[PDB]
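First comes one chain, alone, set out as structure tokens in the form solved without N-(4-methoxyphenyl)glycinamide.
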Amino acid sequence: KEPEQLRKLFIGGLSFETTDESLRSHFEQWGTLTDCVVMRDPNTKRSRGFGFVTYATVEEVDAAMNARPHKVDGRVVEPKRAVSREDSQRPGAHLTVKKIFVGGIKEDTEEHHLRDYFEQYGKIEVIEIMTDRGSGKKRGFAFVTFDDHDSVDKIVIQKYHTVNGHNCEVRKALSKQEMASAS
């Protein structure tokens, strides 16, 4: 049994008329659900427009995501890997992005180093190992862009990532303005 956090998905843009029952009925098609709930306003019961579903294994979760697009109760919803409450605290933890910031890589890191670790998560479209302007000096970080935002979500939810023989920190990429607006 893998952690509950990794066996759960956030479902956004849920129809006004979706209830635990209708949600379950749709997602059980891809595996055994251990949890399924529509979040409602703790007072008016009114649906908050989002919920979560949890499967018995992450294999079943992957199957659900490969099943995209998902339409529930006639509305196109948006399934996503569940970000933990703690990580949801971080700036832009819930954005839908295709690029990741990879920090703390050794100087001699080369593109094949990044590929041998990241390719297992999805199709890579771009790889950029950053250097200093005019100096040419390596800056110790890179940006990797995928073809599916889910490749990125599957990555960031993990804690460790080994590249060029050592662990590195990986986070969703924030734009120049998002960064500055986060500090």
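So that there is no doubt, residue numbering starts at 1 and follows the sequence shown.
Quick note: we don't show the form deposited with N-(4-methoxyphenyl)glycinamide bound, though the next part is all about it.
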query = Does the 4.5 Å heavy atom contact test between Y121 and N-(4-methoxyphenyl)glycinamide in the entry with it bound come out positive?
reply = yes
inquiry  = At 4.5 Å between heavy atoms, is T32 in contact with N-(4-methoxyphenyl)glycinamide in the entry with it bound?
reply    = no
inquiry  = With the partner left out here, check for me: in the entry with it bound, does some heavy atom of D62 sit within 4.5 Å of N-(4-methoxyphenyl)glycinamide?
reply    = yes
task = Note that N-(4-methoxyphenyl)glycinamide is not shown here; using its position in the entry with it bound, name the residues of 148-166 with a heavy atom within 4.5 Å of it, in sequence order.
result = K154
